[PDB]
Asks: 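Here it is, the structure, as structure tokens.
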Amino acid sequence: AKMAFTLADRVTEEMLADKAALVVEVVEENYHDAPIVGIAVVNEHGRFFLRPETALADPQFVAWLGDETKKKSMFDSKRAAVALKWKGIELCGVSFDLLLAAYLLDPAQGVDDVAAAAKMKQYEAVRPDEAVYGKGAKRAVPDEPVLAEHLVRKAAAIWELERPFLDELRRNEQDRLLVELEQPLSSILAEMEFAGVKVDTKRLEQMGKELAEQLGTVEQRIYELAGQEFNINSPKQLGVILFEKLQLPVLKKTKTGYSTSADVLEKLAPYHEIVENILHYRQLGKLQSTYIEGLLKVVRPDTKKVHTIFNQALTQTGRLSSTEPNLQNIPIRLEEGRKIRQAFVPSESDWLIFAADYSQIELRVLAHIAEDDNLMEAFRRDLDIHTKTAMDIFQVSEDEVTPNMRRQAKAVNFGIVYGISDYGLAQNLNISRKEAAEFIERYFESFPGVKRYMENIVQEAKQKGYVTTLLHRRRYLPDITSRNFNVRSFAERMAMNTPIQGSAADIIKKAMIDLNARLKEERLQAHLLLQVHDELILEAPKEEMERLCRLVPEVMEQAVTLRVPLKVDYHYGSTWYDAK
DNA sequence: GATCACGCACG
DNA sequence: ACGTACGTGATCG
Ligand SMILES: OC[C@H]1O[C@@](CO)(O[C@H]2O[C@H](CO)[C@@H](O)[C@H](O)[C@H]2O)[C@@H](O)[C@@H]1O
Ligand SMILES: OC[C@H]1O[C@@](CO)(O[C@H]2O[C@H](CO)[C@@H](O)[C@H](O)[C@H]2O)[C@@H](O)[C@@H]1O
Ligand SMILES: [Mg+2]
């Protein structure tokens, strides 16, 4: 059963052909400044394993890596590219990435190794990485014989699988999505991750000290009000204090006991002074544990930068996610948490942070796809969309829209984008299912094109088996035919939501590609640092701000052409906090 | 130790 | 609600 290959002691010319499957193996999950443990090459001339110390010190091999005209097929080329950037080596000419190809074909498969991608096409002559390396405490790089055969079998699988994957992408009309959107984006994300974001660790440490003082104060107040010390971060110990010792009403249970979620606590606050203190404690504790201590653990002590990893092949809608650290959920909604952003600073002297965000991209995308006359007109007038929605559903003039009305119309707009249901809206607004249904009925009377879209997309999902986004991303929805109401309804909400969230994802990905090309043409030093779903965050010399104020919004607004305008707001300042 | 349950940060 | 990451404490095994 063994797979033949040359365990090479030196790089030869036949290893440097102009098309190859290439494996540059990085086993550590976080590949930043991580070891490359081995290299495999499969091409017309055979199969090869190279020790990294050998290949990466060889000038011909390094030149071949960096030659755009020598084409490589890979799995997770970003991982390799970034590990190589940390070694000062450029990887070019990646023409096929099996991880991104598998992801586009079916995001639900959760493909995260070559074996899983291969199994999609009945190819099983390669082991799962977890089988080779083990998992958790028992994870380890095996001896050279085992390692080499594994890397060669992965390269061989990539070599074999490129054509059937490209053929299927082409049938799905996704070949341009791979080659013109996701692959070029992978290189851009590699640059962003490698650059990292500078952190003002002294400021974080000072915030930490202040938080600890406040946590101490509130913690003691809680014990005082409870008449007893207990573990406040234990929903089970906390439940006993609240619902047994203090006799608060049980408005909601969980699988294993009493609910103490913030929405339940907010309702209990009027009964006892301890409740507001628990909420405050939770707010502070979240900032302290997750943000202060968490960021300080992953900042690089030499450069004081954090280097996130954007998972490009995870979400079911086509969004990125971000890990270790997650830089897409830094606090902003509450002022106390928002100050954490004062610790994210430019990487060079006399540079600034510049942030640009789409205004209501999801609702604008919905206006476009539904071709709803009223909603399109609203965005063509650049109206406040929540005030307009309130005017329509409550049948009042602009003058007559009260703050509570705008708040409830806003909630309907979110429900509409998420996939509307009377239960979901009733829970959000703390009203009855009947009252929620009335709001939804009035919404659909005012936006009949949106109503027709929502009916039609559920039917299309049933008929075709999947739904698609503007640039032809797809998501299969087999549960749409379930005879279980809850299972089927969740799938219907995915059918409604995915073309909106996913098309917004497509647009900003295209904007990033367009933006980097414009930045290069203009030879600006500005560069991307982060993407947070509908916003791009850059840093640049202060002398580039005026040019960015015109360039970045224009590129983001013109990335696609819709039946309504796209609108982009922007701000800049000395820290991420100030870019407001 | 690993995994689950719960809670909560973001768009 | 739709889409994510992850920290703490409880429980599985
Ligand atoms: O390199 C990112 C790429 O690798 C995968 C596995 O193929 O995820 C791995 O790397 C992530 C980043 O460090 C980890 O969060 C992770 O758990 C690990 O499996 C892909 O999912 C991802 O696209
Ligand atoms: O009454 C139709 C209305 O119900 C929805 C669910 O909100 O779809 C249901 O009705 C269908 C056919 O008309 C089925 O295909 C279906 O699976 C069922 O859930 C709406 O989509 C539809 O407009
Ligand atoms: Mg915005």
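Chain A is the first sequence line, chain B the second, and so forth, proteins listed ahead of strands; every chain is numbered from 1. The figures that follow rest on heavy atoms only: side chains count, while hydrogens, waters and symmetry mates do not.
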Asks: Would you tell me if any nitrogen or oxygen in the side chain of A:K286 comes within less than 4.0 Å of OP1 or OP2 on B:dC10?
Replies: no

Asks: Restricting to side-chain contact (heavy atoms from CB on, under 4.5 Å), what partner residues turn up for A:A269, sequence neighbours left out?
Replies: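 For A:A269 the side-chain contact (heavy atoms from CB on, under 4.5 Å) partners, ignoring immediate neighbours, are A:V275.
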
Asks: Taking atom P in both C:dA5 and C:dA1, what distance in whole Å separates the two?
Replies: 15 Å

Asks: Are A:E191 and A:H527 linked by a side-chain donor-acceptor pair shorter than 3.5 Å?
Replies: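 Side-chain D/A pair, A:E191 to A:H527: absent.
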
Asks: For DNA chain B, which residues in residues 440-451 of chain A have a heavy atom at a distance below 4.0 Å?
Replies: none

Asks: Under 3.5 Å between N/O atoms: give me all the protein pairs with nucleotides 11-13 of chain C, atom names plus distance.
Replies:
residue : atom : partner : partner atom : Å
C:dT11  : OP1  : A:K236  : NZ           : 2.5

Asks: Let me know the distance between NZ of A:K135 and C1' of B:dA2, rounded to the nearest Å.
Replies: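 Rounding to the nearest Å, NZ of A:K135 and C1' of B:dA2 are 8 Å apart.
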
Asks: Based on the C1'-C2'-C3'-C4' torsion angle, does the furanose ring of C:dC12 adopt a north or a south pucker?
Replies: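 South is the answer for C:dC12, its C1'-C2'-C3'-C4' torsion being negative.
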
Asks: Could you list all the ring-ring contact (aromatic ring centres under 6.0 Å, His included) pairs where at least one residue sits in residues 425-461 of chain A, not counting sequence neighbours?
Replies: A:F394-A:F439, A:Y443-A:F447

Asks: Under a 3.5 Å threshold, yes or no: a donor from one side chain and an acceptor from the other, between A:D479 and A:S482?
Replies: no

Asks: Show every salt bridge (charged side-chain N to carboxylate O under 4.0 Å, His left out) that has at least one partner inside residues 444-456 of chain A, sequence neighbours left out.
Replies: none

Asks: Using a heavy-atom distance cut-off of less than 4.0 Å, which residues of residues 261-270 of chain A contact DNA chain B?
Replies: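 Within residues 261-270 of chain A, the residues near DNA chain B are A:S261, A:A262.
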
Asks: Using a heavy-atom cut-off of 4.0 Å across all strands, would you classify A:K297 as base, sugar-phosphate, or nothing?
Replies: nothing

Asks: NZ of A:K255 versus P of B:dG7: gap in Å, rounded?
Replies: 13 Å

Asks: Take a 6.0 Å sphere around NZ of A:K464 and say whether it holds more than 12 heavy atoms from other residues, nucleotides or ligands.
Replies: no

Asks: Measure the distance from CH2 on A:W576 to P on B:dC10 and round it to the nearest whole Å.
Replies: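 One finds 11 Å between P of B:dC10 and CH2 of A:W576, rounded.
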
Asks: Select base, sugar-phosphate, or nothing to describe what A:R341 touches, counting heavy atoms under 4.0 Å on all strands.
Replies: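 Touches nothing.
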
Asks: So, is the end of the A:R474 side chain (NZ or CZ) under 6.0 Å from the ring centre of A:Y466 and within 45° of the ring's axis?
Replies: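 Ring-cation test returns yes.
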
Asks: Is the count of non-hydrogen atoms from other residues, nucleotides or ligands lying under 6.0 Å from A:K339 atom NZ greater than 12?
Replies: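 Yes - once you tally the heavy atoms of other residues, nucleotides and ligands closer than 6.0 Å, there are more than 12.
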
Asks: Of the non-hydrogen atoms in A:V467 and A:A461, which two are nearest, and what is the gap between them?
Replies: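 That closest heavy-atom pairing would be CG1-CB, 3.7 Å.
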
Asks: Within the structure shown, what part of the strands sits under 4.0 Å from A:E362 by heavy-atom distance: base, sugar-phosphate, or nothing?
Replies: nothing

Asks: Rounded at 0.5 Å granularity, tell me how far CZ in A:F310 sits from OG in A:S186.
Replies: 12.5 Å

Asks: Taking all heavy atoms of A:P128 and all of A:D113, pick out the closest pair and write down the distance.
Replies: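 Looking at all heavy atoms of both residues, the shortest contact is CA-OD2, 3.2 Å.
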
Asks: Any chance you could measure A:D514, atom CG, to A:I507, atom CD1, to the nearest 0.5 Å?
Replies: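 Rounded to the nearest 0.5 Å, the CG-CD1 separation comes out at 12.0 Å.
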
Asks: For B:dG11 and A:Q531 - does any side-chain N or O of the residue sit under 4.0 Å from the phosphate oxygens OP1/OP2?
Replies: no

Asks: Give me the distance, rounded to whole Å, that separates C:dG9 from B:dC10 when you measure between the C1' atoms they each carry.
Replies: 24 Å

Asks: State, without any angle test, whether A:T217 and A:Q214 hold a side-chain donor-acceptor pair at a distance under 3.5 Å.
Replies: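 Distance-only check fails for A:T217 and A:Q214.
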
Asks: At a heavy-atom distance below 4.0 Å, what parts of residues 482-495 of chain A sit against DNA chain C?
Replies: A:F490, A:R493, A:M494

Asks: Please state how far atom CE in A:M496 lies from atom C1' in C:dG3, giving the value in whole angstrom units.
Replies: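 Distance, rounded to whole Å: 15 Å.
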
Asks: Distance alone, cut at 3.5 Å: any donor-acceptor contact between the side chains of A:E210 and A:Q206?
Replies: yes

Asks: State whether a side-chain donor-acceptor pair under 3.5 Å links A:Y31 with A:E193.
Replies: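 Judged by distance alone, the side chains do pair up.
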
Asks: Sticking with atom P, work out how far C:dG13 lies from B:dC6, rounded to a whole angstrom.
Replies: 16 Å

Asks: Figure out the CD/P separation between A:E293 and B:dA9, and round it to whole Å.
Replies: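 To the nearest whole Å, that distance equals 16 Å.
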
Asks: Might you point out which heavy atoms bring A:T469 and A:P499 nearest each other, and give the distance in Å?
Replies: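 Heavy-atom minimum between the residues: CG2-CA, 4.4 Å.
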
Asks: Could you state the CG-P distance from A:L536 to B:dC10, rounded to the nearest angstrom?
Replies: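 Distance, rounded to whole Å: 19 Å.
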
Asks: Please determine whether side-chain hydrogen bond (donor to acceptor under 3.5 Å, both in side chains) holds for the pair A:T308 and A:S322, giving the CA-CA distance in whole Å, both sets of side-chain angles, and the decisive distance to 0.1 Å.
Replies: CA-CA 6 Å; A:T308 192; A:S322 167; 2.8 Å; yes

Asks: So which of residues 307-337 of chain A are in contact with DNA chain B, with a heavy-atom cut-off of under 4.0 Å?
Replies: A:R319, A:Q328, A:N329, A:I330, A:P331, A:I332, A:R333

Asks: Measuring from A:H368:NE2 to A:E371:CD, what's the distance to the nearest 0.5 Å?
Replies: 7.0 Å

Asks: Let's see if you get this right: which residues in residues 413-437 of chain A place a heavy atom under 4.0 Å from DNA chain B?
Replies: A:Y418

Asks: Less than 3.5 Å apart, which donor and acceptor atoms pair up between the side chains of residues 411-419 of chain A and the rest of the protein, not counting sequence neighbours?
Replies:
residue : atom : partner : partner atom : Å
A:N413  : ND2  : A:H386  : ND1          : 3.1
A:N413  : ND2  : A:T389  : OG1          : 3.1

Asks: Does either side chain, that of A:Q283 or that of A:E336, offer a donor lying less than 3.5 Å from an acceptor on the other one?
Replies: yes

Asks: What side-chain donor-acceptor pairs closer than 3.5 Å can you find for residues 235-251 of chain A, not counting sequence neighbours?
Replies:
residue : atom : partner : partner atom : Å
A:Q237  : OE1  : A:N231  : N            : 3.0
A:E244  : OE2  : A:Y258  : OH           : 2.8
A:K245  : NZ   : A:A226  : O            : 2.7
A:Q247  : NE2  : A:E244  : O            : 2.9

Asks: Would you kindly give the CG-to-P distance between A:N231 and C:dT8, to the nearest whole Å?
Replies: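 Distance check: A:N231 CG to C:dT8 P gives 11 Å.
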
Asks: To the nearest angstrom, how far is A:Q288 atom CD from C:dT8 atom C1'?
Replies: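 Rounding to the nearest Å, CD of A:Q288 and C1' of C:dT8 are 14 Å apart.
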
Asks: Calculate, to the nearest 0.5 Å, the distance between atoms NZ and CZ belonging to A:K567 and A:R364 respectively.
Replies: 6.5 Å

Asks: Reckon A:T498 touches a base, only the sugar-phosphate, or nothing at all at heavy-atom distances under 4.0 Å?
Replies: nothing

Asks: Only stems of 3 or more consecutive Watson-Crick or G-U pairs count here, both distances under 3.5 Å; name the ones for DNA chain B, or none.
Replies: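 So the stems come out as B:1-7 with C:6-12, B:9-11 with C:2-4.
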
